[PDB]
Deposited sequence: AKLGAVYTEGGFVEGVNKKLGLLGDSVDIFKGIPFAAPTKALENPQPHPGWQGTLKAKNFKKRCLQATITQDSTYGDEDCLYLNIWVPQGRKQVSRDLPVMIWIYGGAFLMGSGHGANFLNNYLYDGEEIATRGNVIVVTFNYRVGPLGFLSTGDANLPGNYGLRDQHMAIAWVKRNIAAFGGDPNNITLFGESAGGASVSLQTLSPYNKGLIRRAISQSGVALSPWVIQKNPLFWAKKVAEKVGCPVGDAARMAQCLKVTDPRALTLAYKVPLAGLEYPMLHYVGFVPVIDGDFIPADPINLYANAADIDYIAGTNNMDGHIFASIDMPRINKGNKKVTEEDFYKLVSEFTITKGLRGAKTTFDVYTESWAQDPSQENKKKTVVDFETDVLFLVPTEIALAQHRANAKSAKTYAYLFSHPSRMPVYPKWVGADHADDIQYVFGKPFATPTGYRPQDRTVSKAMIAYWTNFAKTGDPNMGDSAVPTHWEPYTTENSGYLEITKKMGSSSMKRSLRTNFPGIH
């Protein structure tokens, strides 16, 4: 049962059908559908004029103009507002009223694509495994990142937030057209990791998405993360101008040359895990994001939410901040750690830093094993960058729920062989592959247990998508995930061995150090 050509606000599209032949089922695949007119530097996304005849949605379109890893060149193109779809099918009839899961890729708002990194003929952001194993529709897409997506000034001249409006446009499109592909417009679940997580989070909080989002999932990233909102856009705005050849006195004027400047020139006007170093990200503009994220949770009152995080999330960044945490011949002083917490200083002056410090060392004096000092630096990174903001976000979500249910999870499955001992666990973004079924799509590059973790995740994710209850749906589950509440700030810990003990209680609701 195929879908053939499908009608959409922009015209007809046609993708390709792929019998997935485990036997009976198949999947229709659309790649390249545009949800917005080619973009213009530092200008809000505009609807797409449409087209004549039928469009061939058979190839991923370029990602957005951004910087290469070596950040000396650039790939992509200012015309990247394209979404991709995956509709699972069978014999019985073409699917209809299916839950729609829209994905938002991470990348610290500096890079990333809707087709993501790819391992030998198979891609990172490919909803095929998810679509078919959880019987839902999957949507991936590109949105402006880096300077072209978030360059701002804290003023109306260059309000910023383009990348978020791109996201809003994609969500809106799925809303207005997905039924034609067999989806339930009233059952849209957004999910994403890292920046995608914060974006999925930010979206649920914008009054612009009024009546579009039914559910949302944040993986290792929420709006309350300290790296999500730029407190001083004007600064990074000047840095760029000077580089591409513009003045820095009159904002209006700066935003002028900066708007016609070679797009690539803007893209590569600055280097780039020191929290310090990432700057072109979302900003409280008083419009899309009307106020500080913490005071907007009321907009998410009727959006079921799942927020989680990885047990070893911070390690990656910690390794780069305290290079010594791994090298066994070297050690981490008491200075080093203080200098760290002091750099995540949101309470300048002796007091605060000292406060937090004494906190993350309460048993440093009763166990100053280099193992315990470094194990502390890692968690501090983890708590600051991911876990605390997530704990507060969940707190704020439940505290404002009406119809909405709230869930918390901890992902601790180790993907490789622990390099460093009993620091076992999952690193930042390790969760993506099990969510997208990688272990199933490329079985020989994984272990039987990895397939076990992925199965459980897709089961939970798609179940939740369908009913808003991770436990209920077209897929069975290993453990009963209990809904987070004030009375119980529980969270499900994901691993290969999953049973009753998997549900854990005692999520922080009081925050020493941060908030």
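**Student:** Relative to the deposited sequence, which regions have no modelled C-alpha positions in the structure?
**Tutor:** Missing C-alpha atoms (numbering from 1) occur across the range 273-279 alone.
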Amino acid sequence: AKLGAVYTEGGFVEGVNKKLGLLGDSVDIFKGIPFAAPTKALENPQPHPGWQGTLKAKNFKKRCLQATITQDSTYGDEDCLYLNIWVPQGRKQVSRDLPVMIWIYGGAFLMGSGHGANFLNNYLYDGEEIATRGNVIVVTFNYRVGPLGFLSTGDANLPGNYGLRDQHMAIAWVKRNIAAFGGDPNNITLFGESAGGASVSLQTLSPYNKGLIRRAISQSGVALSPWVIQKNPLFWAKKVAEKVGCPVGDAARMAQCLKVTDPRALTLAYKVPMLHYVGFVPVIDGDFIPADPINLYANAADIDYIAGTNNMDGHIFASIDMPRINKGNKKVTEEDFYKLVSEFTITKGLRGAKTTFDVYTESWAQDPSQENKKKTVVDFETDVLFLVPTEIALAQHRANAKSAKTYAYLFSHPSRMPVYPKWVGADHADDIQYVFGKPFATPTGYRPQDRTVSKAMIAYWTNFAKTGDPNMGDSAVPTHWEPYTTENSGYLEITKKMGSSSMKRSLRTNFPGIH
From here on, numbers count along this sequence of modelled residues.
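**Student:** Out of 285-293 and 151-159, which stretch has the higher average CA B-factor listed in the record?
**Tutor:** Comparing 285-293 with 151-159, the higher average CA B-factor belongs to 151-159.
**Student:** Select between 384-392 and 363-371 the stretch whose C-alpha atoms have the higher average B-factor in the entry.
**Tutor:** The stretch with the larger average C-alpha B-factor is 363-371.
**Student:** Quiz for you: based on the deposited Cα B-factor, which of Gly146, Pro207, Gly90, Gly127 is highest?
**Tutor:** Top of the list by C-alpha B-factor: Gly90.
**Student:** From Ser412, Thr140, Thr132, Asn122, which pick has the Cα B-factor that tops the rest in the entry?
**Tutor:** Of the options given, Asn122 has the highest CA B-factor in the PDB entry.
**Student:** According to the PDB entry, is the CA B factor of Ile316 in the bottom, middle or top third of its chain, that is, lowest, middle or highest?
**Tutor:** CA B-factor rank for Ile316: middle third.
**Student:** Taking the entry's C-alpha B-factors for this chain, is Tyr75 in the lowest, middle or highest third?
**Tutor:** For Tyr75, the deposited C-alpha B-factor lands in the highest third.
**Student:** Lowest, middle or highest third: where is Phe436 by C-alpha B factor in its chain?
**Tutor:** Lowest third, going by the recorded CA B-factors of the chain.
**Student:** Which third of the chain does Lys402 land in by C-alpha B-factor: lowest, middle or highest?
**Tutor:** Middle third.
**Student:** Of the three thirds of its chain by CA temperature factor, lowest, middle or highest, which one includes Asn118?
**Tutor:** Highest third - that is where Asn118 ends up once the chain's C-alpha B-factors are sorted.
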